[PDB]
């Protein structure tokens, strides 16, 4: 219609003008996708004034560099984002950053831009929706029936992470996921003929996706809407809608890679506007008829949400227990005193691997906290991430699980597991979700892990086999750089618990988290229960395990090296050296403590030696000398590897004694002191 065309032109020109004002950014895909964005948002249920409505449809822009398009949609629909914000596109401190950030942009469900992530986030949103609906929906009470709409480009389809997630989403028959491929035959290097000639459609059919092809997505918004209708009929397959578009549609440079990621020339913008009936002298024009048309859809959606609120109230009357649970989750609140389920240990209990302590924690807290779900990337019997008696998340048609299940079989797909976890957290409803693999292969998922931190999502990696302690699998499996990498990433809690109490503290942090992803570095090998550990002390991230007034040295250690440090203390005593021991199960949590608390753990006037069997990077924040492993490991029985590298009570004692001698007659201040 005339107003549809005008809306599409408005979107296109807002995006182009935003890029022009910044003299930076990507106008091509916004021009090519504005018809589809118009059609999809008209089909979506959402409330610009309540971005957290749990039964909203979700939209994810996986091709995040097209975000001038997303921002234009959000402005036009009256989210908390204005034309003045668009005018500050890509400007320092603005609400319109160069790639969409869920923490900064109202209506941005996730942080995208790194290619491949958004579509996987969409799989996770759709996974959560299916699980949520199976958990809460009752006859006559469709509490959850929302869709997940994803836009993606060729770039996302080239990134392996999207293949992983698309395979898994097809396997999981996620019929409320509808993704749209911007099939514009152009990427940054030029035509896709130079690097991307696969039959995408045949590939997606091989995953079990439904396909709808829209041959003229530059203009045929009727076919785009019909493709959504068709997709919604196919309740047991995610759908890929092939949008054949011209990148930069309308531009003089349409269909060229130059329109991909540079501002258009001024004269190009003038002819765009004139051909579409706009004033070439005007920027950021918003015809009131477009606002009005969009406001009609908002009003209708707000009435749908109003009715949903009444449906929820009637739900709480009919299903008081489920209803109260749901309200609690939508309030962002864990069950009262849920943490009384955390296992507690004493020094009289047996040695246990922290992977096994983790299993035991999950077995106790999963029954108490329904919003915990999680899985493993094909390492369930090694990470120990499933609680006996839970059922797998599977479409019931397979006979292998149900959508009400709580345990996800991710397969050998660490990267997509990371990004799917981000989408599950993004869904909301207080989901506290986790994913298991070996610590060394969390690195396969770095692209997503970093976005967990940037997005402030409380996801949890259950990262077992944390060190040379795993033994025979050898240096291809043994972390060296991994903790340093993730500790150097802002906003990642990297817990390396030493024993049962510390593992309960780690999970207490990970589950209570609302804005910080967690990585739990867990052992293959057994560790003793420590004298002096508790959930309370370990919850401070770092704490004095063995207090030694008159210490000649303090040894600060994590995980499996805390027990080693305690054994070294006994060797040192025989050498006439008095040591204290600090356990530092999470450096981030410790960092957040008060300066006085931190100085009580790492005081002035005593040399401090760190001990952790991987990179020494970062450890100078907490120590004067560092005993770590800065070379790759070895394939052998773990105790022999530790002996080889002198991570023995005697080897630690030797380096502690050298540290005491090194600082003899020097003044020593806490590593916590800084010049600035």
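Numbering follows the first chain given and starts at 1.
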May I ask you to compare 104-112 and 253-261 by their mean CA B factor in the entry and name the higher one?
253-261
Hey, which bit's got the bigger mean C-alpha B factor in the entry, 567-575 or 192-200?
567-575
Highest recorded C-alpha temperature factor, please, choosing from 415, 242, 487, 233.
233
In the PDB entry, which of 159, 84, 183, 586 has its C-alpha at the highest B-factor?
84
Among all modelled residues of this chain, ranked by Cα B factor, put residue 10 in the bottom, middle or top third, i.e. lowest, middle or highest.
lowest
On the chain's distribution of Cα B-factors, residue 633 falls within the third called lowest
Among modelled residues of the same chain, the CA temperature factor third for residue 407:
lowest
In terms of the CA temperature factor given in the entry, to which third of its chain does residue 59 belong: lowest, middle or highest?
lowest
Residue 336: C-alpha B-factor third of its chain, per the entry, is the highest
